[PDB]
Participant: 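Okay, handing you the structure first.
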Amino acid sequence: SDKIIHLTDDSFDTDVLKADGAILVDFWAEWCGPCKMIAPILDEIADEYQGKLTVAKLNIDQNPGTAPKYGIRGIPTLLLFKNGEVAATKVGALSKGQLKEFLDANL
Amino acid sequence: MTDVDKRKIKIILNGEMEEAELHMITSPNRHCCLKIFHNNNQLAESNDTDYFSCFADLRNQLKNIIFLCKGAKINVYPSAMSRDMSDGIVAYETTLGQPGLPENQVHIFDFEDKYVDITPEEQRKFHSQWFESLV
Amino acid sequence: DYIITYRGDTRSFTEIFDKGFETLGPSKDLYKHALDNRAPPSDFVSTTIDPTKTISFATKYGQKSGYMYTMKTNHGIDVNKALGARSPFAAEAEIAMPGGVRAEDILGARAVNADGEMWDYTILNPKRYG
């Protein structure tokens with residue numbers, strides 16, 4: 001919660017592409033049921049994986065410029081960045097257990 | 001993009017129940033076209049903005065035919081939303097003094113043999129009586 | 001004041017994201033829209049605040065696959081509030097949109113197959129996100 005990075009279009013290159021360690025970016029919007037559904041799950045993961053992973057969120061309604069650059073055409077979309085490059089992609093709602101499976105398999 | 005759906009129904013003609021084929025051509029800008037066939041012969045065609053309106057135009061052209069379909073039943077009518085969102089394919093089977101519920105929804109071309117030997121005008125007039133019965 | 005509403009349709013999102021939702025006619029009478037929006041052709045587009053109420057219409061009664069569209073607008077009229085106890089299909093939770101819905105105001109589309117199961121992601125309108 002207090003550990004989630006709240007991105008903007010302006011802060012994306014700094015806080016994601018130039019970040020140290022793995023960054024999980026959630027592309028999301030307040031009007032999307034599947035987006036709101038995974039929201040508190042990401043808060044759990046942000047605490048459980050602290051020191052192994054940074055969780056960041058990009059709200060596409062306030063920040064319409066970033067998602068097109070990564071070919072993102074649907075939400076929710078999770079992009080896993082490592083050292084400035086996309087290391088994995090997961091599109092769509094999932095449970096806490098499904099999310100931890102995707103993370104453990106990519107970290 | 002243009003969608004084309006098809007549907008077989010029963011109709012009564014000269015006391016002879018017979019099977020008809022419907023083609024539903026949904027083209028851009030809410031143009032709905034309803035064609036009806038018997039043994040590859042086109043009996044009629046109607047063009048309108050939703051299929052419940054198309055169906056009513058179709059039954060008015062063929063007044064000598066009873067259409068054994070929910071869409072012809074005297075107490076079936078679409079809501080504004082069902083007309084708008086499903087192109088009138090989904091409608092409600094109503095009862096005097098009761099608002100329309102989800103479980104009252106019907107497909108206008110599902111089979112029905114009761115209360116269907118009526119004109120589109122009689123159906124439309126019952127619907128006004130139903131609407132006014134809700135107060 | 002802006003609200004999120006939903007609309008079902010079998011028409012593809014390519015067509016909808018481009019053309020928006022248009023009305024049948026000029027009649028701005030909301031009571032007559034509820035009685036019969038084809039006679040006279042009404043100047044309102046129907047949407048709902050309950051996304052589950054779109055499924056039956058989007059699939060044409062479980063017969064076809066379709067889409068649930070999500071919109072953001074600020075001019076809708078709450079039909080149940082406006083008609084009160086006279087509201088003929090109050091379970092639809094209808095918000096009527098005077099004049100229609102601009103293509104720009106349709107935020108996204110979510111696929112629904114014939115058995116009512118929706119996809120777990122929303123496709124974005126490129127007019128707003130492309």
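Side chains are part of it too, since the values below use all heavy atoms of this structure and drop only hydrogens, waters and symmetry mates. Order of the sequence lines sets the chain letters (A, B, ...), proteins ahead of strands, with each chain counted from 1.
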Participant: Measure C/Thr48 against the heavy atoms of chain B and call it side chain, backbone, both or neither at under 4.5 Å.
Facilitator: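 Both parts, backbone and side chain.
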Participant: How about NZ on C/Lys72, more than 12 heavy atoms from neighbouring residues, nucleotides or ligands closer than 6.0 Å, or not?
Facilitator: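 No - once you tally the heavy atoms of other residues, nucleotides and ligands closer than 6.0 Å, there are 12 at most.
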Participant: Verify ring-ring contact (aromatic ring centres under 6.0 Å, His included) between C/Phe57 and C/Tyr6, making sure each step is shown before the conclusion.
Facilitator: CA-CA 12 Å; C/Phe57 304 142; C/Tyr6 309 89; over 10 Å; no
Participant: Between chain C and each of B/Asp87, B/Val135, B/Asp110, B/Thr94, count heavy-atom pairs under 4.5 Å; write down the option with the most.
Facilitator: B/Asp87
Participant: Just give me the residue among B/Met81, B/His127, B/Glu132 that pairs up with chain C most often, heavy atom to heavy atom, under 4.5 Å.
Facilitator: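 Ranked by heavy-atom pairs under 4.5 Å with chain C, first place is B/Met81.
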Participant: Less than 6.0 angstrom separating the ring centers of C/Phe13 and C/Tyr69, yes or no?
Facilitator: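 No, too far apart.
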Participant: With a 4.5 angstrom heavy-atom cut-off, could you sort out which part of C/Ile16 is near chain B: side chain, backbone, both or neither?
Facilitator: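 Contact with chain B is absent: no heavy atom of C/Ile16 under 4.5 Å.
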Participant: Hey, is CD on C/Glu22 packed in by over 12 heavy atoms from elsewhere, all under 6.0 Å?
Facilitator: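 Counting other residues, nucleotides and ligands, CD of C/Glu22 stays at 12 neighbours or fewer.
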Participant: Contact part of C/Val45 toward chain B, heavy-atom cut-off under 4.5 Å: side chain, backbone, both or neither?
Facilitator: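 Both backbone and side chain.
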Participant: Which answer fits C/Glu92, side chain, backbone, both or neither, if we ask what part of it has an atom under 4.5 Å from a heavy atom of chain B?
Facilitator: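 Looking at C/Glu92, backbone and side chain both touch chain B.
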Participant: Determine whether the aromatic ring centres of residues B/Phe52 and B/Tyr77 are separated by less than 6.0 angstrom.
Facilitator: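 Centroid distance B/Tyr77-B/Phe52: below 6.0 Å, so yes.
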Participant: I need the residue from B/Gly100, B/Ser133, B/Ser53, B/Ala80 with the largest number of non-hydrogen atom pairs under 4.5 Å to chain C.
Facilitator: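 When all of B/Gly100, B/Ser133, B/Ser53, B/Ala80 are compared, B/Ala80 has the most.
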Participant: So for C/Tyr67, is it side chain, backbone, both, or neither that comes closer than 4.5 Å to the heavy atoms of chain B?
Facilitator: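 Neither part.
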Participant: Can you spot which of B/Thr49, B/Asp48, B/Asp84 makes a side-chain hydrogen bond (donor to acceptor under 3.5 Å, both in side chains) with B/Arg30?
Facilitator: B/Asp84
Participant: Side chains of C/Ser46 and B/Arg83 only: does a donor on one sit below 3.5 Å from an acceptor on the other?
Facilitator: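 There is no such pair between these side chains.
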Participant: Do you know which of B/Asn104, B/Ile108, B/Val106 has the most heavy-atom pairs under 4.5 Å to chain C?
Facilitator: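 Most heavy-atom pairs under 4.5 Å with chain C: B/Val106.
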